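Below you will find one chain, with nothing else, as structure tokens; this is the form deposited in one PDB entry, and questions on how it binds or moves follow later.
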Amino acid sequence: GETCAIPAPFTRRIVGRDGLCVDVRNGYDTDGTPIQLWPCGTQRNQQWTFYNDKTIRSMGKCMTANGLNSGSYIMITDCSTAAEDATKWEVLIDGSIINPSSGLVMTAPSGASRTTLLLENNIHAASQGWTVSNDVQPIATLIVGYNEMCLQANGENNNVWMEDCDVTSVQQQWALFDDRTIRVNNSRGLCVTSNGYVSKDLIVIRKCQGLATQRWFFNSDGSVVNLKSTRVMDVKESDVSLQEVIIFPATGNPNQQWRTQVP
């Protein structure tokens, strides 16, 4: 055997909606100061350190929760005095920061600047999607699915099918936001939305609002699975001619595999 190694502290940023960064109000290291969304930038209030104990903090003031109950907001306060439980946090690969003891997750009701955060009933929504990283800049990529074809974005409220890969067509240029949402690079206003949680449900390019549908988890197996409904996006009956990508119970088949190629 060969035990791993206890990781030291590291300072990484936090984002999860409209490309907004999580930080402290006015960067005041004083206790009680709540947390809120705000345009990223080089600043301590935006900087966050993660520890093995399971505590995130900036300015040296543990980032703990204020009051425990679905609906309570977040703020920073001394580690020592901080509630043993209201200070620990969990960051799964599902792009979510859930508070162990309670079970709630860092939620962002509205993705507006200066919007305070708050723990809430985890329901798998873009609002409850966060990605810890120093690179607050998303990556451009084309979703090459079935028959080496790339996923294409048509018009607003319209569908989305597999079209001949073209590293020039912006309709194929997909932008993956840290909020676990897939929005069109050309126009990051609309996000890949679903039309339900039942099999065969049609997918489209609706607007971004944090809906549970706008949440997409990229399963390591190569399938882009929807969090709310375990269904995954694929090509209906494999017939790309049908012009439609929909949600469907996992099968582990190639018609459900998707690759994300750089710019």
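For clarity, a rigid core is taken as the largest C-alpha set superposing within 1.5 Å between two forms. In this text, residue numbers run from 1 along the sequence as written.
Quick note: we don't show the form deposited in another entry, though the next part is all about it.
Tell me, with the core superposed, which single residue in 187, 133, 157, 113 has its C-alpha moved by at least 2 Å between this form and the one not shown. None of the others reach 2 Å, which leaves 157.
Core-aligned C-alpha movement of residue 237 between this form and the one not shown reaching 2 Å: Yes, shifts by 2 Å or more.
How does the C-alpha distance between residue 171 and residue 157 change in the other entry compared with the present structure, closer or farther, given a change of 3 angstroms or more? Between the C-alphas of residue 157 and residue 171, the gap narrows in the other entry (3 Å or more compared with this form).
What direction does the residue 148-residue 157 Cα distance move in the other entry compared with the shown chain, closer or farther, given a change of 3 Å or more? Note: Cα gap between residue 148 and residue 157 shrinks in the other entry.
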